[PDB]
K.L.:
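For reference, the structure I am asking about is given below.
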Amino acid sequence: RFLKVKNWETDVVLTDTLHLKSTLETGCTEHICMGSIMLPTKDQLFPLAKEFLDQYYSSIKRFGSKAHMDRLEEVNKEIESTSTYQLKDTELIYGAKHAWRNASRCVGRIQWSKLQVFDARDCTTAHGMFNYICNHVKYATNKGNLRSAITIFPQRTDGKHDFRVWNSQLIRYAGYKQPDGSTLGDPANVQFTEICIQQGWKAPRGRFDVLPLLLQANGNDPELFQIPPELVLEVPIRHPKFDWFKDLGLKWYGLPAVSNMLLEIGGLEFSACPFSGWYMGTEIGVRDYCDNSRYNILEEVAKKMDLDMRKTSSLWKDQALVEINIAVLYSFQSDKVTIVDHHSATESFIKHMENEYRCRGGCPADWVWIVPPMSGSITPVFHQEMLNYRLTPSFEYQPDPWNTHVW
Amino acid sequence: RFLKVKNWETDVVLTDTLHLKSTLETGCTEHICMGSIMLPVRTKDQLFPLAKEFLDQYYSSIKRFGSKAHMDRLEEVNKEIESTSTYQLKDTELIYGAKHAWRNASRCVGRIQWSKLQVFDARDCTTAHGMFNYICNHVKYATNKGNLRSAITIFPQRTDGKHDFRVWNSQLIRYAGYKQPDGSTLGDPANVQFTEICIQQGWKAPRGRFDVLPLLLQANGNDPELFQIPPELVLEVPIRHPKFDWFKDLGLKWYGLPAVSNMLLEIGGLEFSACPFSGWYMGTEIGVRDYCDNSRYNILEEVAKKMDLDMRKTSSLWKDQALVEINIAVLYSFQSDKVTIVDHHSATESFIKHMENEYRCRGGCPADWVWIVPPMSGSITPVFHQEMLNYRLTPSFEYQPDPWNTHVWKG
Ligand code: HEM
Ligand code: HEM
Ligand SMILES: COc1ccncc1CCCNCc1ccc2ccc(N)nc2c1
Ligand SMILES: COc1ccncc1CCCNCc1ccc2ccc(N)nc2c1
Ligand SMILES: C[C@H](O)[C@H](O)[C@H]1CNc2nc(N)[nH]c(=O)c2N1
Ligand SMILES: C[C@H](O)[C@H](O)[C@H]1CNc2nc(N)[nH]c(=O)c2N1
Ligand SMILES: OC[C@@H](O)[C@@H](O)[C@H](O)[C@H](O)CO
Ligand SMILES: [Zn+2]
């Protein structure tokens, strides 16, 4: 019931007490581990509100204070009357920061306390959402000196008035299926693109078309908007040694801004809560570029390098992989756009983890997601035992809105 | 209950029904996943249902379930258990069991090979000298002059837990490690403790960087005895690089035969505490883990200097660059010397096919993603994108405590 995690490289054991406070299910049982599976009323509300307010008031050294009891009382009253309740600004900021702190799949959590929270609960229309989103993008991008941010739209009411950003990230490239049978652009984004076209987007049918926003306010039908091109910071990808690399026509955007998750704070649900940090190089160079069902450029790069692609044992894929990732980091650094390599990031996470164990009693972590997609065991997280469990406030996945939407 | 797994690269969906046969526990609960945790004297009471479960599986596999031979065997075993408190497996059952322990090993990426395993029955062994002879024979057979053949040698099962057969080595072939007074380590730091034990037991150590350890062998619960494997039986491969001529001067080599010797084999409730087994290497075990772990030989820096990489900032990816070149060298060297080895691309590709075959014909394939995914270039192998279900089936290979921590010394 009290658990130890060992680092097998350093021999440091840490003791987890925090897992006891876990509330949500993992998907695992005593007979089966599902660790690698990607996606495993007023009566319900108040204990959740209570559990949250208790941790909030504990955090400000005011546990068991009249202010604590008063607020608890106030919220309870508001739930009885209105069936929901409204978070104070302080509580919303605390909750958003703690959702990130609790994200067991996030390697960048050493940054969790430095998050700019934009309260957009006064938003009523998709045009308003667009304005708020543009402001977010500009603030977060900051001419390449990226700053973590989240923008929070009104909370779910009866579920038939949801605010949703239909896009999976604020900035992403379109995908088009060809008659030639191939895929042009990002294969990951074919279905969403089609939805944009159905709604009236005029597609430039290119390889790197920044997608338009499809924004849904108050459960109403979603609308299209184009992010001002001047707010979208992109990076041409070149290699520091290979002059030919620039001829591949590759570029990526600076701002990773996830827009399809659900933020849960104190039992309240924020279905529209786009947030952004900055990239770890491997997200672009390993996954975005080298995944088979993404841009899948390994073969092309391998050829320009003139490698023996006869036999897998020459490790030509592994060689091309490293060079692609060298280029990504080189390109962002050269243009002064914030990026972190997987060595620096995992090293930071180990220090964060030690901090959290020391000051919080633990740190929920998903090893399958925390270990980078290349060079795994030469990063310190590979050798670190981790415990995965679910704490609230939390970021949750939610269904894509089109499967849900009563048009 | 049906469980689905999805491959996120191909959208192939498999359905698992085999997990229903899982009996043993995982370590996880509905509140916590222990998936990344390395490690999360029986009564006749529990023994017969375990024997019976196994024998039912055996007889089904040979299409003789419910047969007179089946029923007679169950009867025979029950009598033997109730009169002698244990039982003996037939040679056929032992072979079936060893192959299935391997088939069931969720951490093993090499399981496409499971049905091809040479089983050496050493249950007639009585002394450490006897164990030494059996192990020499296993090494020579398995090595086969570089054309590696998977094999397992099985010593007598546990009785009262006071007469255990144990191989004290973690692997039959492994390099010594010596802690120096200045805090540095010579040889393999992984084996410092075992090396000290060998030295204490009488081993005269050469004190070099790649000294093959002596065998420390325990028969019938007696104090263990030291033997040296004949050098002519130890196949080694000097490591060189196909393009880089300075790589040979790093002075690296490795042994050809990975032969794990500290696991416990459970078949039908019987415990085989000494069951050394061997296959062949996947290149990354040597090139990534053995050579590049900070707590092992740790050669990344030296290699990186010789390549003249920019080592001032991690974002140059110098470590990643050196790591690939080292792994190329390992594969090149083994192939050049005609010693069996498999690269991580081939091995993971083969495992996916194995896993799919197992889903269709067996209803599942328990797999530990954390261990299956190779320690370099993870997501450019197909296993990274494959969802897996981890659960425990018997027969199985289990961890056991190191014998120096439990052994009662006779003196
Ligand atoms: C500031 C720099 C940040 C870095 C370097 C970083 C790094 C990462 C990486 C590499 C992943 C794995 C993503 C993938 O493989 O698809 C991840 C996941 C995640 N991040 Fe962070 N992150 C950062 C900021 C943030 C912020 C500001 C938030 C929220 C406020 C956040 C919340 C999450 C969540 C919820 C996941 C899991 C997403 C999922 O399950 O799909 N991250 N992060
Ligand atoms: C034939 C070629 C084989 C290959 C290429 C192979 C490959 C591997 C690899 C790479 C690992 C991970 C080891 C580590 O990272 O420490 C592993 C684990 C394992 N292998 Fe295989 N293997 C082979 C044969 C065998 C055989 C013959 C057996 C038993 C009869 C076996 C049983 C196991 C077991 C029980 C594990 C888990 C070890 C642990 O938990 O520490 N393997 N295998
Ligand atoms: C459920 O997971 C999937 C299912 C299908 N396709 C793709 C996925 C991957 C999910 C994408 N999550 C992607 C993400 C989330 C948060 C981040 C925060 C910072 C950062 N640098 N990158 C992030 C990247
Ligand atoms: C619980 O075990 C550990 C814990 C911490 N450090 C190290 C270890 C040792 C893990 C060693 N597994 C070692 C092994 C076992 C079977 C194999 C079969 C074939 C093969 N090519 N390699 C194997 C390699
Ligand atoms: C099947 C497996 O869970 C899946 O491929 C996971 C593996 N680890 C990952 N890790 C990160 N950071 N991101 C991912 O999308 C995935 N995908
Ligand atoms: C902490 C973590 O479980 C540990 O480092 C694991 C990770 N995956 C592994 N995978 C393999 N094949 N071998 C290992 O030793 C490990 N070590
Ligand atoms: O020096 C002794 C070690 O080799 C030994 O303790 C192993 O690490 C252990 O047996 C796990 O394989
Ligand atoms: Zn689990």
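Proteins get letters first, then strands, A, B, ... in listed order; numbering begins at 1 in each. All ligand and atom numbering here is 1-based and tracks the order in the structure. Atoms considered below: every heavy atom in the structure, side chains included; atoms not considered: hydrogens, waters and symmetry mates.
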K.L.:
Between B:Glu358 and B:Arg103, is there a salt bridge with N-O shorter than 4.0 Å?
P.N.:
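Between B:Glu358 and B:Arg103 there is a salt bridge, with a charged N closer than 4.0 Å to a carboxylate O.
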
K.L.:
Would you please say whether a donor-acceptor pair under 3.5 Å links the side chains of A:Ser259 and A:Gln169?
P.N.:
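Checked: A:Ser259/A:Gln169 side chains show no N/O donor-acceptor pair below 3.5 Å.
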
K.L.:
To the nearest 0.1 Å, how far is atom 5 (C) of ligand 1 from its closest protein heavy atom, and which atom is that?
P.N.:
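Heavy-atom neighbour on the protein nearest atom 5 (C) of ligand 1: A:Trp278 O, 3.3 Å.
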
K.L.:
Look at atom 29 (C) of ligand 2 and say which protein heavy atom is nearest, naming residue and atom and giving the distance to 0.1 Å.
P.N.:
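Result: B:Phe277 CD1, 3.3 Å.
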
K.L.:
What residue and atom, counting heavy atoms only, is the protein's closest point to atom 41 (O) of ligand 2, and at what distance?
P.N.:
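That would be B:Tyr399 OH, 2.8 Å.
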
K.L.:
Parallel under 30°, tilted from 30 to 60°, perpendicular over 60°: which one fits the rings of B:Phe397 and B:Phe277?
P.N.:
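Because their plane-to-plane angle lies in the 30° to 60° range, the rings of B:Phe397 and B:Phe277 count as tilted.
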
K.L.:
Distance under 4.0 Å to a non-hydrogen atom of B:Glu285: what atoms of ligand 2 satisfy this?
P.N.:
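Atoms satisfying the 4.0 Å criterion: 10 (C).
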
K.L.:
Going by the atom numbers of ligand 2, which of them fall below 4.0 Å from some non-hydrogen atom of B:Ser150?
P.N.:
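Atoms satisfying the 4.0 Å criterion: 1 (C).
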
K.L.:
Check A:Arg390 with A:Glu396, please: is the shortest side-chain N to carboxylate O separation under 4.0 Å?
P.N.:
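Yes, this pair counts.
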
K.L.:
With a cut-off of 2.8 Å, which protein N/O/S atoms are close to atom 21 (Fe) of ligand 1, if we only count those under it?
P.N.:
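Short answer, with waters excluded from the count: A:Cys106 SG.
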
K.L.:
Quick one: look up the protein heavy atom nearest atom 14 (C) of ligand 2 and list residue, atom name and how far away it is.
P.N.:
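The answer is B:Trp371 CZ3, 3.7 Å.
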
K.L.:
Any atom of ligand 1 sitting under 4.0 Å from a heavy atom of A:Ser276?
P.N.:
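It does; at least one heavy atom falls under 4.0 Å.
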
